[PDB]
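Report on the structure given below.
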Amino acid sequence: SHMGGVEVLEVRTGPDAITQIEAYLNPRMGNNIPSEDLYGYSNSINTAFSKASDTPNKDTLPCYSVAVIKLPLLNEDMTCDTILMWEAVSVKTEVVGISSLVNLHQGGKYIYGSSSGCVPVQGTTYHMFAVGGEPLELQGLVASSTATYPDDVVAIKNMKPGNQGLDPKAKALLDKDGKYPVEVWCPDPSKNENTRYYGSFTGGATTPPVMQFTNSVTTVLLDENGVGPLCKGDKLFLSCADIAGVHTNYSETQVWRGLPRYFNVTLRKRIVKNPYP
Amino acid sequence: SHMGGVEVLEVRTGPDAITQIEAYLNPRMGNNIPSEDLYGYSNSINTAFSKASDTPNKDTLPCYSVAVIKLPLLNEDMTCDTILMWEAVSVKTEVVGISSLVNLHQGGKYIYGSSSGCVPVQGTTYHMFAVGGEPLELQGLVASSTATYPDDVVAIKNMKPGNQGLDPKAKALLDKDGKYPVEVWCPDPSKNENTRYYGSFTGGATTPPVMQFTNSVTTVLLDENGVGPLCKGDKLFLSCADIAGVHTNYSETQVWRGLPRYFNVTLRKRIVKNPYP
Amino acid sequence: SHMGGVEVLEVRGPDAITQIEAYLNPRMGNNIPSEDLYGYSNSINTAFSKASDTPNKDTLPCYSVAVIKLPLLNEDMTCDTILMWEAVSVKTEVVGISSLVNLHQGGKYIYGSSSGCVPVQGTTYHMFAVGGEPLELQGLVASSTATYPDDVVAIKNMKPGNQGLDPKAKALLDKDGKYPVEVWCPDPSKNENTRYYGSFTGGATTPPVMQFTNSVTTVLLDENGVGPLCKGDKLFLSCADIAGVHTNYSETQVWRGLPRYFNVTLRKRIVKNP
Amino acid sequence: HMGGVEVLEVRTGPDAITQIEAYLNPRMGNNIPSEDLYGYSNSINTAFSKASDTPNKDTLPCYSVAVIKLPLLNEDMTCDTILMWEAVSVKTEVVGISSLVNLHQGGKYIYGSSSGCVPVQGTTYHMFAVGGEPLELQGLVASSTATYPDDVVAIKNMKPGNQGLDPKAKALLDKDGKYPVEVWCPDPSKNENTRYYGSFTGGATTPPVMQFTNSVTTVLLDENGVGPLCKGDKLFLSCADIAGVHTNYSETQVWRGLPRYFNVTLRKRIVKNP
Amino acid sequence: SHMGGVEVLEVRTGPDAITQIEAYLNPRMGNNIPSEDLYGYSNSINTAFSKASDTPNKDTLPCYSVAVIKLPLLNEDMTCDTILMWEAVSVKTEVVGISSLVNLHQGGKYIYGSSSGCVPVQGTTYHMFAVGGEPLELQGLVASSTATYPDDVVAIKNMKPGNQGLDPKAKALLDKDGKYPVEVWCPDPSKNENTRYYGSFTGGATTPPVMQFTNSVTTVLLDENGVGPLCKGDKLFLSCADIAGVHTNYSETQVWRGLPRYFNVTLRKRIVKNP
Ligand SMILES: CC(=O)N[C@H]1[C@H]([C@H](O)[C@H](O)CO)O[C@@](O[C@@H]2[C@@H](O)[C@H](O)O[C@H](CO)[C@@H]2O)(C(=O)O)C[C@@H]1O
Ligand SMILES: CC(=O)N[C@H]1[C@H]([C@H](O)[C@H](O)CO)O[C@@](O[C@@H]2[C@@H](O)[C@H](O)O[C@H](CO)[C@@H]2O)(C(=O)O)C[C@@H]1O
Ligand SMILES: CC(=O)N[C@H]1[C@H]([C@H](O)[C@H](O)CO)O[C@@](O[C@@H]2[C@@H](O)[C@H](O)O[C@H](CO)[C@@H]2O)(C(=O)O)C[C@@H]1O
Ligand SMILES: CC(=O)N[C@H]1[C@H]([C@H](O)[C@H](O)CO)O[C@@](O[C@@H]2[C@@H](O)[C@H](O)O[C@H](CO)[C@@H]2O)(C(=O)O)C[C@@H]1O
Ligand SMILES: [Ca+2]
Ligand SMILES: [Ca+2]
Ligand SMILES: [Ca+2]
Ligand SMILES: [Ca+2]
Ligand SMILES: [Ca+2]
Ligand SMILES: [Cl-]
Ligand SMILES: [Cl-]
Ligand SMILES: [Cl-]
Ligand SMILES: [Cl-]
Ligand SMILES: [Cl-]
């Protein structure tokens, strides 16, 4: 016999330099208030009369979700040569409520005739998330520059046919929840140095949606220089859009269906040369 | 000539500190008793008259399966500073009966006309499993808050339109086999620190199902800190749902079809600082 | 200049290692090469009702199995140890994939009478196993009220429980072309001495997808680094390769199967005598 | 004790390394930003016959190309060695993917007149290239009897041989919006100093699939560890990104393209003088 | 300061032990000669009257392509203990002309009605290539043993229903360009020890084709014992078939469409015990 090591499991608090935050963001499909009958869906998609006359109704346009998480205060003021900042190092993220689509009794269009189940949510899907130290920077680009956007969303200013491609004047920040339409704004790849974003799109009229869920997967947020998003003003920005498809009603009107997203982000305190003038 | 080693194969007992458990869980599609004619399927899916009037018939809603496996007793009592616990380290799992779908003579809707084979099981699929040291923690989220759920399932209490998104009040434990509907409950990603879960969904009205099977794949259950699920009260929780799709009858009525899942979990004895007060 | 090595290629293997090659022809229902429809089932006859569902003989695709006798290792079976063949790897391929690339075979038309004919499509099921004893099977059916014909092995005393997993419904894959695919699947609770791999895609008319290469080897070693051990010096090769169904002009349908090739490497091992 | 601590700060990369960024707008046929259908083709007009197939002006998607002038490296060009920029890696993204998530744009209805409109779908073609000279093209067409419009670069003296690979049908991607996608592909027999990557999915009505992230870098070094070398200090960026077709209510169809962003990292290298 | 190395880039010729060859193989769908109007396509697919009466017209059957490339001569003396052989160690290969399918104006069946684009090439696809030191060895297997094959293709001798499965007598060598039908012959996995082959099939009546192209990808040809194909008689065999799908005419007649394949093969000289 001899003295030797044995590993005992116990509750461990990590070091003071590490923190984790959790949040969820509910979808902003157009009915964005929990009291609304169609919360989590858009209103019925109204289609253009013509190219020139294309005026989506209020609440028919899915928008990005964003939350700003206030992190623990690190500095007394911004006067020193170096400051402390939170660096986001990894994220675990999940789309919540996927199983809710496994439902063929909800009223709608029938799969076959009136004795069958109803058609589930299907068609175009769009799933993206971002984690950054400032708002996600957006680029405007639309299917049609002659669409008239509702007052209650943020559209491209002074739209022209050039906005059917990439016009460098069409820029915005994702700084408001449920206001920036998915069909108008995409992540700006010429910026976003301090954000990590990931997106998947599948189109088609009636395409089957595909989604995974697990609590086993972590995404590392460090860039090619080994540095994660640095949280300006001790704020963490979480952004997403999770359009599962459209639901079709018996009359063939259609509404977009979105799902919430969960985030768990790990951050560490870093010494940073002070960027604030 | 020299003395040297040769490796002889033999029946080896594992260390006393390691055990394996095997179990299977039969599906709970609605007909949940083996004596029922439609065991392994739901009853015919009855669709809503309207948003306001949507009352799924008894036994038409697939539910999660759960089994609690009692493991060998490790402690005389719970009074010491440390205790022994079983830690789940890996799982091999398989969906059983996949080949039963390779059947075009079962009565149903014809692929072409009356001389052809019948349409096989297809449409929405949902496959998930979990292995944990306590019940899987669930989040409620539904397609429609105005559905009336049957008495024999566990539904969200005081359901409101907010339940079409994520409401943090809508929480449950998967603590009853064949009682928690798939379309109401999903894993809660904000909890489940002591469970590992994995899920895959594909929707669509008539989508071909895709399934693999092999006895060559092991999934490691250790988390990011190298710790597997720790079995509270010497109990192992195995959870799953395996909806293969729907079978369509000649009359075009439709029933969900589920399949059983097999689990083989390897566990090891660990010394753990006593969690019980 | 100096003495040094150069690698010369030549024909070469040790007596402790052997390779076996085999092919298994499909057993779709027409299982004898003299049959007109060899490699296909007979026309799929569908159920009148749940209660009345009587598949005609040879309309049910079955698993293939071959038992390969390996070189005899022990003249004496009474020592502390015996020798056994351990299967360590397999190369396997579905043969005849290119035969589906045929739009002139008579059948249902893709468009009208001027177009090509619909190729084999619909449900596919591809699996293989390599083991040192019969593949162990679990019975599970779509409908317990089907009446299976007397030329196939089906579940004994079938009941509604057999639409799920009933632990009494067990069998060994020990007869070529007699165990229906739709009745039997690998039993994951056993098969410690077999490795199996399977892929299924359903749907009424789904396009089949298959690859073929001679570049891929599958290692058969389990989590303890041990391959299947061939009891009585016998190697068991099992498979099913259903490519889809062929549709005739009258809309009757037949299952189409393809052969599978195996190349298994084995090594002699010393094993403690049971 | 004295020890290290890692402080984060802005670092300017070595003088030997530079990054450039650029975007290239799609050239689907309406290639001028003032045009109503900018980012789309004009309505696809189909052949009357094999012999009479004359696509209208601006109905043919063409490749995009941009030449990026890098910092001048060499005062004297008669020296034994020279400096050149070597492209080592690229980050690239298709911009405006989310613009397709739009079911109110006027067109064909998914179901009836109460439903959303069919989104962009059908054939897709996504490719990019990063090189130190123009992308070298091979001509190959579906039909040698098509008459191409004056405003595009077609195969010279086109003959039925051009429905396969004729080594006389070669070009350089040296003009933006002039080389039709359906006439020209990358020439795999050349392009030693370019890296190209392409993905095609066909079909009449196929759902488009596209990913977007800022987390992915592609390494441009070849099997000898060498990236594209920028001749005359010019970097060539090429692409085509056809998202599918939009279908109008009258059933006329137009190609839809999307822009592509490039971020390329380059390093100065000593190169023996050609 | 000090003496040190700097890596200068220059044109380097490989060592004499290594060579690279490039080749392209044009498709052999039935119209196999460049002067033919439908070069790169089959003739219209004529369907069987019945199982017993199934007679595909000449040049309606896509066939494998093959090229035999003569490598540098290695042995003037074939009687020593050893000989030199070229060993194929890697290949870069690409399907050419993928972009030609991105064409909705070619005459044919309409996607919707007469105002829409025309249906592009779709349906069954079959893409394979092989690199070997001798002809690809083939196994015969057909959908129907009662088909009558034309005299301008090599088919199974004395065909019987057994040929709807694997009959070991049904064997051939891919030794003629454009004469061995894809629907009759597949690689023989029981042979081909001196060839590497790779193939992908997707069936279905109207399936969208999927193809990739890049010059960044190399496939290693070394087998499980670390040995690539050895080129007998200093000949390299390149084989392929690349059926992209079918084109449908307005009358609904259908033709197979094939595409060319490019090969770039790297080989090294090896000492080999003289057979
Ligand atoms: C996304 C969703 O819940 N859609 C509902 C739909 C909406 O409530 C409605 O379209 C919003 O205006 O309602 C559906 O049920 C309808 C009944 O509520 C109504 O009394 O009568 C309608 C007759 O066409 C219809 O049955 C629907 O529009 O199909 C059900 C659907 O789930
Ligand atoms: C999943 C399954 O077994 N479905 C059966 C189905 C059910 O047994 C039934 O719908 C539950 O009440 O029955 C099917 O066959 C039917 C006959 O049993 C009945 O005598 O007549 C029906 C006339 O439409 C029908 O043929 C069915 O509904 O198609 C067979 C099916 O596999
Ligand atoms: C798999 C196969 O070869 N199928 C054949 C089919 C078979 O002979 C059998 O019927 C399948 O169960 O026969 C097909 O050809 C038929 C003629 O042989 C017969 O003279 O008349 C039929 C007219 O409806 C038909 O043309 C078929 O049923 O289409 C051809 C098919 O390839
Ligand atoms: C790609 C695109 O934006 N297509 C438009 C289309 C085009 O503006 C036009 O076909 C090309 O010059 O126009 C669509 O709307 C049309 C109206 O502009 C017109 O007043 O009436 C048409 C009646 O059939 C039609 O409604 C179209 O063709 O559907 C809308 C489409 O987004
Ligand atoms: Ca920038
Ligand atoms: Ca939590
Ligand atoms: Ca067991
Ligand atoms: Ca060349
Ligand atoms: Ca052999
Ligand atoms: Cl703007
Ligand atoms: Cl609740
Ligand atoms: Cl039994
Ligand atoms: Cl030319
Ligand atoms: Cl022969």
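Residues are named by chain letter and number: chains run A, B, ... in the order of the structure tokens, numbers start at 1 in each chain, and ligands are numbered from 1 in the order shown.
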Task: Shell of 9 Å around residue 183 of chain B, only C-alpha atoms, local chain residues under 2 positions omitted, as a ChimeraX atom specification - done: /A:97-103 /B:61-63,140-143,180-181,185-186
Open item on the list: How would you report the residues lying within 6 Å of ligand 11, as a count of residues only, if you count only C-alpha atoms and all ligand atoms?
Closed with: 4
- [ ] Write out as number ranges by chain the residues lying within 12 Å of residue 225 of chain B, counting only C-alpha atoms and excluding same-chain residues fewer than 6 positions away.
- [x] A: 9-12, 14, 216; B: 193
Task: Contacts to ligand 3 at 6 Å cut-off (only C-alpha atoms and all ligand atoms) as a VMD selection string - done: (chain C and resid 42 to 43 105 to 107 246 248 to 250) or (chain E and resid 50 to 52 144)
Task: residue 17 of chain A environment, 10 Å, only C-alpha atoms, sequence neighbours closer than 3 positions dropped, as a ChimeraX atom specification - done: /A:14,86,267-270
